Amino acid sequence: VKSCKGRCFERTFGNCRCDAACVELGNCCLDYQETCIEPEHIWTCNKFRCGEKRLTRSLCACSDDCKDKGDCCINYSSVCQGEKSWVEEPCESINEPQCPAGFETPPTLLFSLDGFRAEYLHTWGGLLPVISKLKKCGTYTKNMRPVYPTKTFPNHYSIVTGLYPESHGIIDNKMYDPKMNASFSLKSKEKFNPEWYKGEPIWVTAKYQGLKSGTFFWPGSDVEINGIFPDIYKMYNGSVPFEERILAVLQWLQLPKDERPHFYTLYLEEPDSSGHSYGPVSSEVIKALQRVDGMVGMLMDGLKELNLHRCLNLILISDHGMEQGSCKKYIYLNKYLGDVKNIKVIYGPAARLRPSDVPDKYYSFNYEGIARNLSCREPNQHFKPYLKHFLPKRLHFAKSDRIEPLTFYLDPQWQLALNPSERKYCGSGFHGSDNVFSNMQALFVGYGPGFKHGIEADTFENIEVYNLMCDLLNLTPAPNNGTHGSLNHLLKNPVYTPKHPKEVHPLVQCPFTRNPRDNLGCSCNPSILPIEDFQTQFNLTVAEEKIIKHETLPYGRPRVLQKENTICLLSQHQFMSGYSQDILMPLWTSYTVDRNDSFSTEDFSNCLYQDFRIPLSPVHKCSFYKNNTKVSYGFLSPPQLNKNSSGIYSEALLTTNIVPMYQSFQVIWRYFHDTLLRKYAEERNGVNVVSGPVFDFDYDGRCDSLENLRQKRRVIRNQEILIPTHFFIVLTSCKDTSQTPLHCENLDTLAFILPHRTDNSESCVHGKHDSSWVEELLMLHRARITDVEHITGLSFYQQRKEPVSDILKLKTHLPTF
């Protein structure tokens, strides 16, 4: 008589009413809305609905018969039968999967929360019980590094291909292809054009090996790729309520095994939408985070009802983070260029520049002109013009023709446009910045039989996730940019045991050859003690060599994976080296700086000693470089470093330990060896160093073939010389600074791929002290050892006792400061 329970929309005599007219008259029963109306709009049971008379318009049922009829609201058992929800149950280990027939290989679900920055879980974990439980019971990283630019289409397509955008072709949400003379957009018909999508998404991989896929939204999933769609897919439609997406995937998981997928995707636009609209630190983002937490909880409750909660492998992930934009942190190019109408500038933190007149002027246009015009225009400038091949190699953001030849590197929180007309609200949340910025870092939680329980893994890259999902599905991965085995530490039962790559040809010998002491044209400093009997000083006892090998190659020598290539080992007292007869240069030197080693300030310019182990060449002589304006030279193993004396190490002045080097780069190289190497050596109680040249004229992040290198030699004083595109350095010490680099239980690594440029315009060296800018340039151009391996054709640490997967983990690491 006081409640609507059982009488919704029936006439009453006794006081309060349960019909639509009651509202206007204000004589509704107290529970009229909750009992009669709410159920048309909600997917939950509550204490008002338990044992309800079944309503015809209700989205799901809480009636006594709802299980007979199999349309109970997902939370029915928890609310109406007092059972525990998934989140309420304590963690329990899933050592054996409990799966129905058809799931002998368990299913994998890839669940994306767009724009869920890693920081959101660090700070608001207390407000997000479900995701917090997946973290506690599963495999978590505090930070998953996205791909550059940190945008939705590039990152989502990278996750399912294991490819850098430069290789998969989806370089941003908006692109121009000059070869197609077409523009790509998410709201355009070109989004459905297969020509844009390269590589092999995991649903295609799965199809070729006989597993079906069900995608509820994913970039590429509504496109015919290699002639294939997922077995079940949805045309993208952001209006579909989150609950309906989750319920559809739960329907797919109940299909008979002949049509039921193994690979699933789920995608929600939150908290990206609220992040843009209200900023990453806002009431609206907190509410959106709790909403997506609830949607994850709805999936886990759904899986529990189906007895799939100890079967399905869940990967909860995001594409990128989110940053607070400011109208005071927006650069307008019209300030420097004027209101020119010949250029089109892609706005935001990943800003790119292209001529208006395309495809005609796309390659012919004067990019270098605008690049120089916009360089070092103000002190502490918050943007930097880069030709795409000069961007840090760690971004792997040049190979594709869809990447505009001129790009901008923006500082954290800063964006760039042509003018204030050609951009959205400057005060909105944004993303797209450098993939190592804290606020761009993404979510990763793995939960299920395949994943370890209660593990916090070190930072890894989203490009590694394709190989991981292939392992979870027992698939052979397509070729991709992931290091297969680098994420084996996330898995209960790794299926792939990686092996060190095998060296193709074993090292050729460089024997001493009796020859005359030729004139190199050197004016050596008198302090330097020359090599008086070469054959005597380089005839080493097997005993003496064992000592040197142990001190200079504690991890084994770099191995060469290049096919048509002829390298020879050169032994010296302080360093070893791999010398290329083919390019008249070492591919690598290896030495070790000890804590109490001496660095000389003594001059050693225009001083070289002949190495009688290789034929003398004009480019190995001081005379070739004397007042040469076009190129100078540098040493891989530093002459400044003496281990037996306090003067200069003479053996480092050999012609075999020199590389072509621009005068401008010598500033960087001299600062590293004089100052930094000293500081690093003291700080880390010793540091093994491997340095060498890099030849990437193709700007594809791979060592160029010998064939291709023959056509890239320059002619200088009537000699053919090969000038490196970059120089690599790999520093190795021990995690425990009590031990020295020769006796590490665990390696601490730091690697660089330094651009080899004719000026220092990148660093804006004018009214700044030398010290500051060199360290900054090194940090910006740091790299994974794997990045070095790809671009040099070398393979390091092959003699370490650790299993290969732990070395792959080490090689894929990028430092964060």
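Heads up, when I say rigid core I mean the largest set of C-alphas that superpose within 1.5 Å between the two forms. Start at 1 with the first residue shown and count on from there.
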Practice prompt. Any chance you could tell me whether 179 to 187 or 720 to 728 drifts more in 4 other deposited structures of this protein, judged by RMS CA distance from this form after superposing on the core?
Written response: 179 to 187
Practice prompt. Give yes or no for this: do at least a third of the other compared entries, each modelling residues before and after residue 769, lack coordinates for it?
Written response: yes
Discussion item. Which is higher on mean Cα B factor in this entry, 673 to 681 or 501 to 509?
Written reply: 501 to 509
Discussion item. Please compare 525 to 533 with 227 to 235 and say which has the higher mean C-alpha temperature factor in the record.
Written reply: 525 to 533
Discussion item. Given 114, 422, 696, 305, identify the residue with the highest C-alpha B factor in the PDB entry.
Written reply: 422
Item to complete: Identify, among 566, 75, 438, 290, the residue whose C-alpha carries the highest B-factor in the deposited PDB entry.
Response: 566
Worksheet item: What third of its chain's C-alpha B-factors does residue 48 belong to: lowest, middle or highest?
Response: middle
Item to complete: Ordered by C-alpha B-factor within the chain, which third holds residue 14? Give me lowest, middle or highest, please.
Response: highest
Practice prompt. Could you look up the Cα B-factor of residue 54 in the entry and say which third of the chain it sits in: lowest, middle or highest?
Written response: highest
Response to the item:
On the chain's distribution of Cα B-factors, residue 318 falls within the third called lowest
Item to complete: Can you work out whether the C-alpha temperature factor of residue 692 puts it in the lowest, middle or highest third of the chain?
Response: middle
